[PDB]
Amino acid sequence: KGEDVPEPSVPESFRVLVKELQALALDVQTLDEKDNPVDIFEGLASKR
Amino acid sequence: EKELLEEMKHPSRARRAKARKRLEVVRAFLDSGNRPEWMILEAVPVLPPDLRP
Amino acid sequence: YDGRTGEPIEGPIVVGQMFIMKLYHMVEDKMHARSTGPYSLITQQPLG
DNA sequence: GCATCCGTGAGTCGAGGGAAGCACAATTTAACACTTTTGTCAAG
DNA sequence: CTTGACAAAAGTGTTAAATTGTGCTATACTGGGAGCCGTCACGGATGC
């Protein structure tokens, strides 16, 4: 479209890494400045 | 942790080293908030099938 | 002699007949480029 | 003092690589006449 | 913007047919088998 490319997002490889670490029963959680969890899965893996 | 701290005053160096290792593990578990029994699996997680297609 | 200028090379040059082989490694079979294409199943990264 | 166990050992590329039956009960699928709704075409 | 039919594509019950899951077979039988060194060499850590 003749525009500049947008700002990128989290890679899918990191999501795969997180899911594999969870499969190893390791609670990997991405946090923010205030230690609150940040959802990198766009709410697609949160049970409601 | 209290017993390990008390044993940490033993004159023997090997006893203090063993106490230090055990106490480091205990301190890690206490500060992290994890439970030791969580090291044994009761439910095994299953990877999403698209990562194991 | 120099074919561009017609003047001789300032020093005598070793000129002879030598046997040269054309090897199997050709840029025709080695040049490759890609903008977008197939991606991996799990990591979704480009194939190789 | 030594004995044992464990983790580590460059990059990119291509090229081809690729004991068995048998009977029987459930269950699922295909098919099949029928009711539909879902489009259409006819004018009012 | 409206009925007033109507061909048809879709949806709805049962049924006969494949398709699939389960039990059972009564001479007697009673502790595996593939292993196999150019074992890779060398630090780091534990622990007797």
# chains A, B, ... in the order shown; residues from 1 in each chain; ligands from 1
$ residues_around --residues "stretch 4-15 of chain A" --least-positions-apart "2" --cutoff "6 Å" --atoms "only C-alpha atoms (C1' of nucleotides)" --output "PyMOL selection string"
(chain A and resi 17-18) or (chain C and resi 43)
$ write_last_selection --atoms "N, CA and C atoms" --output "PDB file, in the first residue's frame"
ATOM      1  N   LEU A  17       7.773 -21.530  22.797  1.00  0.00           N
ATOM      2  CA  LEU A  17       8.645 -21.776  23.943  1.00  0.00           C
ATOM      3  C   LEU A  17       7.856 -21.774  25.245  1.00  0.00           C
ATOM      4  N   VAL A  18       6.980 -20.783  25.416  1.00  0.00           N
ATOM      5  CA  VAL A  18       6.185 -20.687  26.636  1.00  0.00           C
ATOM      6  C   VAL A  18       5.271 -21.897  26.771  1.00  0.00           C
TER       7      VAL A  18
ATOM      8  N   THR C  43       7.010 -23.559  14.328  1.00  0.00           N
ATOM      9  CA  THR C  43       7.552 -22.238  14.615  1.00  0.00           C
ATOM     10  C   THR C  43       7.033 -21.160  13.676  1.00  0.00           C
TER      11      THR C  43
END
$ interface_residues --of "chain D" --to "chain C" --cutoff "12 Å" --atoms "only C-alpha atoms (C1' of nucleotides)" --output "count of residues only"
3
$ atom_distance --atom1 "atom CA of residue A:24" --atom2 "atom CA of residue B:26"
22.2 Å
$ atom_distance --atom1 "atom CA of residue B:43" --atom2 "atom CA of residue A:44"
21.9 Å
$ select_by_dssp --residues "chain A" --states "alpha helix (DSSP H)" --output "PyMOL selection string"
chain A and resi 12-23
$ interface_residues --of "chain C" --to "chain B" --cutoff "12 Å" --atoms "only C-alpha atoms" --output "ChimeraX atom specification"
/C:40-44
$ write_last_selection --atoms "C-alpha atoms" --output "PDB file, in the first residue's frame"
ATOM      1  CA  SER C  40       7.320 -24.000   9.089  1.00  0.00           C
ATOM      2  CA  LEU C  41       4.497 -25.919  10.743  1.00  0.00           C
ATOM      3  CA  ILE C  42       5.342 -25.325  14.410  1.00  0.00           C
ATOM      4  CA  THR C  43       7.552 -22.238  14.615  1.00  0.00           C
ATOM      5  CA  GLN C  44       5.890 -20.615  11.558  1.00  0.00           C
TER       6      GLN C  44
END
$ interface_residues --of "chain B" --to "chain E" --cutoff "12 Å" --atoms "only C-alpha atoms (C1' of nucleotides)" --output "number ranges by chain"
B: 14, 17-18, 21
$ atom_distance --atom1 "atom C1' of residue E:37" --atom2 "atom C1' of residue D:6"
20.6 Å
$ residues_around --residues "residue D:32" --least-positions-apart "3" --cutoff "12 Å" --atoms "only C-alpha atoms (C1' of nucleotides)" --output "JSON, numbers by chain"
{"E": [12, 13, 14, 15, 16]}
$ write_last_selection --atoms "N, CA and C atoms (P, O5', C5', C4', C3', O3' and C1' of nucleotides)" --output "PDB file, in the first residue's frame"
ATOM      1  P    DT E  12     -33.797 -30.160  10.859  1.00  0.00           P
ATOM      2  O5'  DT E  12     -34.721 -31.368  10.373  1.00  0.00           O
ATOM      3  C5'  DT E  12     -36.065 -31.116   9.976  1.00  0.00           C
ATOM      4  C4'  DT E  12     -36.957 -32.306  10.282  1.00  0.00           C
ATOM      5  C3'  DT E  12     -36.439 -33.244  11.362  1.00  0.00           C
ATOM      6  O3'  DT E  12     -37.535 -33.825  12.052  1.00  0.00           O
ATOM      7  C1'  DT E  12     -36.531 -34.397   9.300  1.00  0.00           C
ATOM      8  P    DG E  13     -37.303 -34.615  13.430  1.00  0.00           P
ATOM      9  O5'  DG E  13     -37.376 -36.153  13.000  1.00  0.00           O
ATOM     10  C5'  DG E  13     -37.972 -37.114  13.864  1.00  0.00           C
ATOM     11  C4'  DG E  13     -38.614 -38.222  13.051  1.00  0.00           C
ATOM     12  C3'  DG E  13     -37.942 -39.585  13.181  1.00  0.00           C
ATOM     13  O3'  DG E  13     -38.705 -40.411  14.064  1.00  0.00           O
ATOM     14  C1'  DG E  13     -38.099 -38.931  10.868  1.00  0.00           C
ATOM     15  P    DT E  14     -38.091 -41.778  14.647  1.00  0.00           P
ATOM     16  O5'  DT E  14     -38.091 -42.783  13.397  1.00  0.00           O
ATOM     17  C5'  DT E  14     -39.324 -43.196  12.808  1.00  0.00           C
ATOM     18  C4'  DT E  14     -39.081 -44.086  11.598  1.00  0.00           C
ATOM     19  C3'  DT E  14     -38.359 -45.396  11.890  1.00  0.00           C
ATOM     20  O3'  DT E  14     -38.898 -46.426  11.079  1.00  0.00           O
ATOM     21  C1'  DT E  14     -37.102 -44.143  10.334  1.00  0.00           C
ATOM     22  P    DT E  15     -38.743 -47.963  11.517  1.00  0.00           P
ATOM     23  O5'  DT E  15     -37.696 -48.553  10.464  1.00  0.00           O
ATOM     24  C5'  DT E  15     -37.932 -48.409   9.069  1.00  0.00           C
ATOM     25  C4'  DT E  15     -36.718 -48.847   8.273  1.00  0.00           C
ATOM     26  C3'  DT E  15     -35.929 -50.001   8.893  1.00  0.00           C
ATOM     27  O3'  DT E  15     -35.507 -50.904   7.879  1.00  0.00           O
ATOM     28  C1'  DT E  15     -34.499 -48.178   8.541  1.00  0.00           C
ATOM     29  P    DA E  16     -35.464 -52.483   8.172  1.00  0.00           P
ATOM     30  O5'  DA E  16     -34.901 -53.116   6.818  1.00  0.00           O
ATOM     31  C5'  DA E  16     -34.697 -52.294   5.678  1.00  0.00           C
ATOM     32  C4'  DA E  16     -33.239 -52.315   5.249  1.00  0.00           C
ATOM     33  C3'  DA E  16     -32.460 -53.571   5.634  1.00  0.00           C
ATOM     34  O3'  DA E  16     -31.612 -53.956   4.549  1.00  0.00           O
ATOM     35  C1'  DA E  16     -31.406 -51.662   6.563  1.00  0.00           C
TER      36       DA E  16
END
$ closest_residue --among "A:20, A:30, A:41, A:2" --to "chain C" --atoms "only C-alpha atoms"
A:20
$ interface_residues --of "chain A" --to "chain B" --cutoff "10 Å" --atoms "only C-alpha atoms" --output "number ranges by chain"
A: 16, 19-26
$ write_last_selection --atoms "N, CA, C and O atoms" --output "PDB file, in the first residue's frame"
ATOM      1  N   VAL A  16       5.613 -20.518  21.335  1.00  0.00           N
ATOM      2  CA  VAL A  16       5.874 -21.955  21.328  1.00  0.00           C
ATOM      3  C   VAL A  16       6.753 -22.341  22.511  1.00  0.00           C
ATOM      4  O   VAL A  16       6.526 -23.365  23.166  1.00  0.00           O
ATOM      5  N   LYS A  19       4.639 -22.310  25.672  1.00  0.00           N
ATOM      6  CA  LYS A  19       3.736 -23.454  25.737  1.00  0.00           C
ATOM      7  C   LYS A  19       4.487 -24.749  26.030  1.00  0.00           C
ATOM      8  O   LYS A  19       3.991 -25.602  26.771  1.00  0.00           O
ATOM      9  N   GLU A  20       5.682 -24.917  25.463  1.00  0.00           N
ATOM     10  CA  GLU A  20       6.477 -26.105  25.763  1.00  0.00           C
ATOM     11  C   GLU A  20       6.934 -26.115  27.218  1.00  0.00           C
ATOM     12  O   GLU A  20       6.914 -27.164  27.878  1.00  0.00           O
ATOM     13  N   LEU A  21       7.342 -24.957  27.738  1.00  0.00           N
ATOM     14  CA  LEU A  21       7.727 -24.874  29.142  1.00  0.00           C
ATOM     15  C   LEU A  21       6.543 -25.170  30.053  1.00  0.00           C
ATOM     16  O   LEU A  21       6.702 -25.790  31.110  1.00  0.00           O
ATOM     17  N   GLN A  22       5.346 -24.730  29.661  1.00  0.00           N
ATOM     18  CA  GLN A  22       4.143 -25.096  30.402  1.00  0.00           C
ATOM     19  C   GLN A  22       3.884 -26.595  30.320  1.00  0.00           C
ATOM     20  O   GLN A  22       3.449 -27.212  31.299  1.00  0.00           O
ATOM     21  N   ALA A  23       4.134 -27.193  29.153  1.00  0.00           N
ATOM     22  CA  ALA A  23       3.998 -28.638  29.011  1.00  0.00           C
ATOM     23  C   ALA A  23       4.970 -29.380  29.914  1.00  0.00           C
ATOM     24  O   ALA A  23       4.698 -30.516  30.317  1.00  0.00           O
ATOM     25  N   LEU A  24       6.107 -28.766  30.234  1.00  0.00           N
ATOM     26  CA  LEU A  24       7.001 -29.311  31.249  1.00  0.00           C
ATOM     27  C   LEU A  24       6.581 -28.945  32.667  1.00  0.00           C
ATOM     28  O   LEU A  24       7.399 -29.072  33.587  1.00  0.00           O
ATOM     29  N   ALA A  25       5.338 -28.500  32.856  1.00  0.00           N
ATOM     30  CA  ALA A  25       4.803 -28.142  34.172  1.00  0.00           C
ATOM     31  C   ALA A  25       5.619 -27.031  34.826  1.00  0.00           C
ATOM     32  O   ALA A  25       5.863 -27.044  36.034  1.00  0.00           O
ATOM     33  N   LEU A  26       6.045 -26.061  34.025  1.00  0.00           N
ATOM     34  CA  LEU A  26       6.732 -24.873  34.512  1.00  0.00           C
ATOM     35  C   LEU A  26       5.857 -23.663  34.222  1.00  0.00           C
ATOM     36  O   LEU A  26       5.484 -23.425  33.068  1.00  0.00           O
TER      37      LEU A  26
END
